[PDB]
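Residue numbers (the entry's author numbering), protein chains in the order written: chain S, 231 to 304, 355 to 394, 402 to 438; chain R, 125 to 223, 231 to 304, 355 to 394, 402 to 438; chain T, 125 to 223, 231 to 304, 355 to 394, 402 to 438; chain U, 125 to 223, 231 to 304, 355 to 394, 402 to 438.
Just below is one structure, and these are the notes that go with it.
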Amino acid sequence: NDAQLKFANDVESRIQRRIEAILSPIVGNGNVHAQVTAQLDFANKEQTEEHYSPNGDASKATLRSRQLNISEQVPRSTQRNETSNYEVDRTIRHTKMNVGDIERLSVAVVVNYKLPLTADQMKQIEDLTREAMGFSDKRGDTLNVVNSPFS
Amino acid sequence: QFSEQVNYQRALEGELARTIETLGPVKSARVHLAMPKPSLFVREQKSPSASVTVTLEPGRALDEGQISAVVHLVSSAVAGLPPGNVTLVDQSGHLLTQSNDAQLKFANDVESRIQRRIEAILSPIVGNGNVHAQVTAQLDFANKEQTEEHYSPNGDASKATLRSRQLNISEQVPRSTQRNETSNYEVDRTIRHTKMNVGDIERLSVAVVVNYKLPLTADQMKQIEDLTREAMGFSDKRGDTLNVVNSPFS
Amino acid sequence: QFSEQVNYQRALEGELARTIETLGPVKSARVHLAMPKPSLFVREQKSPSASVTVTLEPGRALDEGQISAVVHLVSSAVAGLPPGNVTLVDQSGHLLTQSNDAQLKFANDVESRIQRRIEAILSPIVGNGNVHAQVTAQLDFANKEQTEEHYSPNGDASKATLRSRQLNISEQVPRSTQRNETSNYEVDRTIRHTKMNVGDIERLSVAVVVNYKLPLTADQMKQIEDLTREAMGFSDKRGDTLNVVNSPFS
Amino acid sequence: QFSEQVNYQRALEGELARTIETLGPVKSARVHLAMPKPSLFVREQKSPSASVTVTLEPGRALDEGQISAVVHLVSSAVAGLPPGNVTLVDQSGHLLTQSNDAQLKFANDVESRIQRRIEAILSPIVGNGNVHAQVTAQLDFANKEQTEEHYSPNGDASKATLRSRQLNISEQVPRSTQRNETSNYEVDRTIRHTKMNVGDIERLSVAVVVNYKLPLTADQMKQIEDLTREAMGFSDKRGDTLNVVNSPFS
Numbered sequence: 231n232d233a234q235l236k237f238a239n240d241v242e243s244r245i246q247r248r249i250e251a252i253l254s255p256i257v258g259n260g261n262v263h264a265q266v267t268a269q270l271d272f273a274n275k276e277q278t279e280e281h282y283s284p285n286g287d288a289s290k291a292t293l294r295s296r297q298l299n300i301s302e303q304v355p356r357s358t359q360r361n362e363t364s365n366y367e368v369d370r371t372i373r374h375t376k377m378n379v380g381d382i383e384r385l386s387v388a389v390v391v392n393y394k402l403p404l405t406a407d408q409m410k411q412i413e414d415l416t417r418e419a420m421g422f423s424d425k426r427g428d429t430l431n432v433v434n435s436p437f438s
Numbered sequence: 125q126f127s128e129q130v131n132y133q134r135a136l137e138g139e140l141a142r143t144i145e146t147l148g149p150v151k152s153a154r155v156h157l158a159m160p161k162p163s164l165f166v167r168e169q170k171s172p173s174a175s176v177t178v179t180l181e182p183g184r185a186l187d188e189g190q191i192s193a194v195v196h197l198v199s200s201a202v203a204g205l206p207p208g209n210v211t212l213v214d215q216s217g218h219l220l221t222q223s231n232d233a234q235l236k237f238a239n240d241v242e243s244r245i246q247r248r249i250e251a252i253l254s255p256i257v258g259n260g261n262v263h264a265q266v267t268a269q270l271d272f273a274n275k276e277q278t279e280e281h282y283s284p285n286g287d288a289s290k291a292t293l294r295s296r297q298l299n300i301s302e303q304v355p356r357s358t359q360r361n362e363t364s365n366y367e368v369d370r371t372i373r374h375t376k377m378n379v380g381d382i383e384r385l386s387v388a389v390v391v392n393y394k402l403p404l405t406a407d408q409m410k411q412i413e414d415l416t417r418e419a420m421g422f423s424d425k426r427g428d429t430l431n432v433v434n435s436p437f438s
Numbered sequence: 125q126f127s128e129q130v131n132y133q134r135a136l137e138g139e140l141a142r143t144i145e146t147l148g149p150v151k152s153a154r155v156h157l158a159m160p161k162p163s164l165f166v167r168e169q170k171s172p173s174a175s176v177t178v179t180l181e182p183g184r185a186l187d188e189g190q191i192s193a194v195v196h197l198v199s200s201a202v203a204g205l206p207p208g209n210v211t212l213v214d215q216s217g218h219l220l221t222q223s231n232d233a234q235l236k237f238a239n240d241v242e243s244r245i246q247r248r249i250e251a252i253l254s255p256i257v258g259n260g261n262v263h264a265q266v267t268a269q270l271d272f273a274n275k276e277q278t279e280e281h282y283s284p285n286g287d288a289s290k291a292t293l294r295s296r297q298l299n300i301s302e303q304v355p356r357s358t359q360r361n362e363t364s365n366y367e368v369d370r371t372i373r374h375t376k377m378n379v380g381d382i383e384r385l386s387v388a389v390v391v392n393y394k402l403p404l405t406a407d408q409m410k411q412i413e414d415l416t417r418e419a420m421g422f423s424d425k426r427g428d429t430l431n432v433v434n435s436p437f438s
Numbered sequence: 125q126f127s128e129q130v131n132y133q134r135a136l137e138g139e140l141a142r143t144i145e146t147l148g149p150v151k152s153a154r155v156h157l158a159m160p161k162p163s164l165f166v167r168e169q170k171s172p173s174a175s176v177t178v179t180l181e182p183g184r185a186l187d188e189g190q191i192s193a194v195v196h197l198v199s200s201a202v203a204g205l206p207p208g209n210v211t212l213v214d215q216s217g218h219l220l221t222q223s231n232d233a234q235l236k237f238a239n240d241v242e243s244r245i246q247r248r249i250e251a252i253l254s255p256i257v258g259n260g261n262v263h264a265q266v267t268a269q270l271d272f273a274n275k276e277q278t279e280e281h282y283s284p285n286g287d288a289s290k291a292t293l294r295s296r297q298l299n300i301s302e303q304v355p356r357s358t359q360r361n362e363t364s365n366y367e368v369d370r371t372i373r374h375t376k377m378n379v380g381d382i383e384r385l386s387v388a389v390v391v392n393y394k402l403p404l405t406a407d408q409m410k411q412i413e414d415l416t417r418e419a420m421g422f423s424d425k426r427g428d429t430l431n432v433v434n435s436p437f438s
């Protein structure tokens, strides 16, 4: 009930530490700080997908049986009855999702001056912290990096 | 065939007392257990309990970590006992166990986490005591439930799935045309059973106050706003609100 | 009766307390087992537990490894006891167990393996400490079930399989013609029962920094990049992600 | 009555301990056997266990092969004790009992095997210390099932197989023609039951670095790469990846 907070704190601390571990040699031991916010999905998840594959094309149909009646006279009277018992592919997943994944991460990174770092020297560091974030575009992950002197 | 069970349980009361007492900042700690007792008719055995009163070391109080420590101690000593039902009291009131209002404390904890993170991230920019914030958190404590039954639409015969189909066609030539078609489909189906967690953040509101150095530059201000946005985990969909101001402190 | 099994409980608890002392940073360890009852009216079998409090050696602090050591000491000294039930308390509180999170540690171990491997490969090229990498792993802890029931398409009459056939052809000559046909088939079939693993890597993120010797030569950078891709086990399909940079350290 | 097997236990503890004592690097063996009960309230009957904390001779560590020796001695002198159920601890810390991350262990084992093989082959070619390589292996731990049910095709009448056939051919001469034909075939078939293995490799990604002699020639390097492809067990269908490079060490 409250231990969700503890687990989220542990995840955020882990990411914070890894970001520092990557970035510190680039700028120094105390020239950077990071903080993490983790939206953690604690809802109990069960799923069941039962896809069938479409047998619309007789080129890829699987028949078990087929009764076929074709009749015609010639006043041309033609009749054609047809019965098809098909048989079908089936795929049944039962994905019971884990409890407690990350649905969203927001990270802000602050870098000290050496005098500010140059444009390349900024884009590389932000790309590194992106990479160490596990930054997922489909997860709505968010990154804000800024350069300024500390206190 | 009866009294020996009560005698044993009271002996175990003494035993647990002697464990929890011999822990350092404790001199005495007496407990009462709450167990089903031999009525010969009760068969359900409702959840037990264990009420502990402890007289600690004068000049010392026990931290929450060791409160949880002793609660899990006595909980793991008694079989089939949830630790929540174990209830501990100091030598004078002050229930250090929390076992209707806990949601207030949980909201306060969330707000403290957020605000402390904001302070930790912005202290390098403006200084240690030059910035203050307060977080308001909207928490949703409703026991939600969900059961979705998405099907996939098979109106398109190129994506349908025929288990059985009968097709009768007839015509005479003044034309009399006839076409009887029967189709049994197999359908693609999905079953989600969503059960939303109790106590999630549905909305936040954060006001940031920053000291002066004279006011800060505009860009330093907007980047401060972006970082505090970030450290909120700001979500537009959750209706989150953030407002930042600068002015001399006092 | 009932006093004999209680006396066995007490004898075993005393035994564990007696022989725990021969462990170094142990001077008192008071323990209690908890087996509810050999029931008659429920098949649920609520699990027994074990709680221990110990007093450590002054001047010595205790690793987590010896935590798990004493825990498994108890949990295998007394069977019918998964180690989660074991709850160890220091001479003053300090919950040594969290009695859901082993995921974080397991991910840590995986990332440590891969990161160390990257280090071991890249160290000879540029030096012992001219390089650093850290790895982020997405782990799929969700339980998966699966079943596929592939069939072969019997559309092609030359490759089809027939168990029965009634084929009635007739005609008259004013041409009247009839043709009634029945076909029962046999079908090739594939049936899996896939049960996917728990905790596989779904996505790895790798960020690599290398020190200068002056910037290293470009093809030297690309070959190091290929090395880290290779030792990463980098798969394009998973969404694996990689980044490398070169810059002097401090 | 039951105290007889209790003393049986408590004496065999002494005899086991005195056996371990006679090993060299041993002084005592705290042993606790753990026979819970032979219940039938569940279909499992968790295997009874045993835990030993051994006080070795001072200044000597007890080798893993010998760790297995003592663990197997405990699991053999005791009936109802699998070797993997034994727990082993030192007189201070040291969980020597390693019985979910077993996949990590196994993967490291496999990668070590193949990597050692690569190094062992390449060292004579380029020198003892002029070569380094690492291995990353994807392992499949999902339980598989498969039941193929191949049928042969009898669409051709030359190779078909008939159990029975009713055949009517009629005609009058206004040509009234009839041809009725009923055939009950019988069909060749194959039925596999493949139950795949747990822990098979699906993809080996291997990175190799070799020192300079100055760089190696083209043909020498390509043969080195070809042999490491050989000794990997490289399979193109498995998506295996291999990359070998040459540069001076540091």
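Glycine is no exception: its CB is placed at the ideal position from the N, C-alpha and C atoms.
Start and end residues, alpha helix (DSSP H) containing residue i
i               : result
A233 of chain R : 233 to 257
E276 of chain S : No alpha helix (DSSP H) holds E276 of chain S; DSSP gives it neither H nor E.
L415 of chain S : 406 to 419
Integer Cβ distance of residue i from residue j, believed to fall under 8 Å
i               : j               : result
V178 of chain R : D214 of chain R : 7 Å
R356 of chain S : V304 of chain R : 4 Å
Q265 of chain T : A251 of chain S : 5 Å
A174 of chain U : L157 of chain U : 5 Å
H196 of chain R : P207 of chain R : 6 Å
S301 of chain T : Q359 of chain U : 5 Å
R248 of chain S : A419 of chain S : 5 Å
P284 of chain S : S295 of chain R : The pair is not a contact, with the Cβ atoms about 15 Å apart (cut-off 8 Å).
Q190 of chain R : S216 of chain T : 6 Å
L270 of chain R : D381 of chain R : 7 Å
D428 of chain T : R384 of chain T : 6 Å
Boundaries (first-last residue) of the beta strand (DSSP E) holding residue i
i               : result
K151 of chain R : 150 to 158
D214 of chain U : 210 to 214
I372 of chain S : Careful: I372 of chain S lies outside any beta strand (DSSP E) and carries neither H nor E.
Proximity to residue i [Cα-Cα], best of the options
i               : options                        : result
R154 of chain R : R:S243, R:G138, R:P172, R:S301 : R:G138
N209 of chain U : U:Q265, U:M159, U:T146         : U:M159
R417 of chain S : S:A238, S:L253, S:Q234, S:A233 : S:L253
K410 of chain T : T:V432, T:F422, T:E383         : T:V432
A268 of chain S : S:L430, S:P284, S:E302         : S:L430
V202 of chain R : T:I144, T:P172, T:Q246         : T:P172
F272 of chain R : R:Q246, R:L235, R:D287, R:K290 : R:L235
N274 of chain S : R:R247, R:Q277, R:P403         : R:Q277
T371 of chain R : S:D428, S:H281, S:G258         : S:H281
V379 of chain S : R:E181, R:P436, R:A406, R:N378 : R:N378
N261 of chain U : U:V391, U:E242, U:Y132, U:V241 : U:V391
Per DSSP, the bridge partner or partners of residue i
i               : result
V433 of chain R : R:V390
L220 of chain U : In DSSP, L220 of chain U forms no bridge with anything.
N365 of chain S : S:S295, R:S295
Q265 of chain S : S:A388
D381 of chain U : U:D271
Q303 of chain U : U:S357
Short CB-CB distance (under 8 Å) between residue i and chain C
i               : result
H374 of chain R : Included in the structure are the protein chains S, R, T and U, with no chain C among them.
Proximity test, residue i beta-carbon vs the ligand FAD heavy atom, cut-off 7 Å
i               : result
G427 of chain R : Of the ligands one can find in the structure shown there are none, so the ligand FAD has no counterpart to examine.
- Can you check the segment 127 to 195 of chain R for any beta strand (DSSP E) of at least 3 residues that lies completely inside it and give the ranges in chain order? 150 to 158, 173 to 180
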